[PDB]
Amino acid sequence: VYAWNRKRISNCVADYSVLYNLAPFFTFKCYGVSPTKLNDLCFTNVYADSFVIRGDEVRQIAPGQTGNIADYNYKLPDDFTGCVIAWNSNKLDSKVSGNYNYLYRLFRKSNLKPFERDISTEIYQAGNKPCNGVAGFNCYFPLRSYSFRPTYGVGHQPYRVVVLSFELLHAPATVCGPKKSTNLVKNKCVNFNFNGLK
Amino acid sequence: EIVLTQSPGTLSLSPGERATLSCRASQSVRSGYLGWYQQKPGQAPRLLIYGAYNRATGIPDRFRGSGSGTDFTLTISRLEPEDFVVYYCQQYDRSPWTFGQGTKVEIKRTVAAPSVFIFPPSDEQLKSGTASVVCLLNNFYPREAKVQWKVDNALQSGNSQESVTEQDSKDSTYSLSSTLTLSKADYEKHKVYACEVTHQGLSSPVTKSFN
Amino acid sequence: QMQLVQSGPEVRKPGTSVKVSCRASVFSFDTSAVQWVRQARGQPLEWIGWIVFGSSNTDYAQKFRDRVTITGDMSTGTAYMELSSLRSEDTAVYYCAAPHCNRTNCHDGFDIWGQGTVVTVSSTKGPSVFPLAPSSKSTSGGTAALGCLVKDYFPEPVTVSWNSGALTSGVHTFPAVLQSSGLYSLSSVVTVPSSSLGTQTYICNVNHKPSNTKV
Amino acid sequence: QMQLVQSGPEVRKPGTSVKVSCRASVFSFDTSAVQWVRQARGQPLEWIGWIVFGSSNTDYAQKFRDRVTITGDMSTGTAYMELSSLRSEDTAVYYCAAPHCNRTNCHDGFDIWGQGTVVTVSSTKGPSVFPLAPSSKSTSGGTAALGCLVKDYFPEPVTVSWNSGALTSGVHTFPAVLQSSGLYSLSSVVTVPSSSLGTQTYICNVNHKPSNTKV
């Protein structure tokens, strides 16, 4: 969660309909768009994030939320328009006798601005004396594991969330929507609607 | 692990003077994680000096800290008697945190003479099946005494315990008691139980006994 | 005033599990710490026994880390300490200490302390009082002495009073000592003028809370 | 409750500058006023000594306006009073008073008062207690009297207790008087039946705060 990736898919329309319906969803909410009519708008670029969170911290990644994950690992602004896409990963992110491969930042000086990724491995000071590169009383380590185990409750299930950030700026749009077709009725006076001409 | 070796064990002064106590270490420690504390016998400890340069809240402006690198010391501005307790030092810089032995401060006065008071066993105690001889030593300034029982001209030891009290609030003296717990098997035979009192102030050895 | 409440005394068998707690309100900032120090009667401190709530990183002494364990709880803000394999060397007073910390930074020293917890492992018996009437040979003129002996008691919540409490000066109560069997024995004397003897007769008064016995 | 906090007592030399304050919250309305009245032991009030915060208009008495001055401060809301050339006639209690005022209009009388400030100018000595054992000629049958005399003391934070505080009736403590040298002297007696004499012997207890001396 402290080092979230970002992809930029563009230059063609959005056809998110072959995702095998994503049987485990558990979370489907759209803030500023309607799920029914969503492909009728042309967008420039679409961004998506990738991270893993616990079960008791799913409702923390939302505009207008405070805490330790929503302020020190990932924060979204108040002006956001998109949906929520996430699923459970309890059968994959768990091994025998505990799984320790995920880290998260807990201690920091101030909060993170929206769209800010920090991969600093520096020590944090909680007093008035320098750490001098050695752990002591007023110097702790701001990184720890998660202790993901399969034998747990519904508040430990890992949720891989993908955050769509549809963007339409001041340039040729590229992520539009898919189109259909009919057959070719010949020798009949009927209406025709091609790409540009009617 | 780093250990603390406090050199000043006992340092008696007079109210209205300056006292200097020190608490050094073996190796060289960081001069940024040192803390002095004050603990009263029968109460809870508190913080006195933290960081060796800054004072705590509520502490009067008379506890000044000095020393750096390997040797540290604590200086007193004016010896107004209200904190005649044992102090301790802590070096919370490394992983193993150790402490000191203890620095006790007492009030200086003239050498007095202790009073001897021996008490024979009671009748109810003998009827219950036990016996004990008590020799009271009170009103003595020097806290260094030694009592050896003389039971029929035989030096006895081992089965004897002594208890010392603290200083009073009127003349700052001490009290010493000694109980000689013995059974009736040795009480019906021996009858002379002397109390040899050997003190620095007493020039002649006072010895009281009974029959 | 910011203080830390601690539990009271407790008596246990020679070898069991003991749990001492130290409740506070500063233990909900993800950066507070609390140490557990032991101090015997006259002996100095022994170890540190610290724990940081949040990123749990335990660090004990050399003699420790084999029969002791310290846990943490941030929901209620109460610390815990478990010590197994209790032998006849842990008779001391346990103290609690935690520095004042904010929600983003802490202080640079231990400011607030606790109260104390006395742990004693022994049997129980019944108190008894033996007379200590004065002798006619120890009197030297205007200087007398007398008292009362109390033995065979495991707890010592004893207060010394004379003349039904109508006396404040001339009282010298000696501390209690531990015998070889396991029972304590105190001592108390009073200095009264020899001229008062034979005219005003008084006795000694004791008090024992776990038994409610007074003479 | 709306009250006015005043400073405590203070001892000075024969001739210096003294500053007594009276902090309140109603002194930030540009229309409040505060008076400074002096009252001796038994003597009535002396003057007015008023000041209006805002448009400074001072008005003192005939004896005053030559060695006294009163200032004002609306930022913190605390009044001040300076009196120079202190001689041996200002030993009294200074009071503070200010009527409750709103932001546009005030009241029609002084409602809230202060606490008091005792100012004494003298030297310092050490207290002492002298016995006052009863006489065999003053006894008339079941009517006795005794006490303890305390002299040579500049401050008088003295409380009289008997039987280590185990007595409430029959207490008659006389007020302190000022001698020609400058030291005070009180008096306290207790009325006990004559039959109680010779059976239960008790003493007197005193207390002095600036010296911590008790008998």
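First residue shown is number 1, and so on along the chain.
The header says electron microscopy, 2.8 Å.
The backbone N, Cα and C atoms fix where each Cβ goes, and this holds for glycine too.
Reviewing A:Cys30, A:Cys42, A:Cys83, the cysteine that Swiss-Prot connects to A:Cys176 via a disulfide bond turns out to be A:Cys42. A:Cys131 (disulfide bond) sits 53 Å from A:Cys176 (disulfide bond), counting Cα to Cα. A distance of 40 Å separates the Cα atom of A:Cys139 (disulfide bond) from that of A:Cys83 (disulfide bond). In this structure the alpha carbons, written CA, of A:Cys42 (disulfide bond) and A:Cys83 (disulfide bond) are 16 Å apart. Proximity of A:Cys176 (disulfide bond) to non-local residues of its own chain (separation of 6 or more, Cβ distance below 8 Å) is seen for A:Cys12, A:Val13, A:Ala14, A:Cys42, A:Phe43, given in sequence order. Same-chain residues at least 6 positions away in sequence with a Cβ under 8 Å from that of A:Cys30 (disulfide bond) are, in sequence order, A:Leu38, A:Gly82, A:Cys83, A:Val84. Chain C has no C-beta under 8 angstroms from the C-beta of any of the disulfide-bonded residues A:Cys42, A:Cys83, A:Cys131, A:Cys139, A:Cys176. Under DSSP, A:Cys131 (disulfide bond) is assigned to coil, being neither helix nor strand in the three-state scheme.
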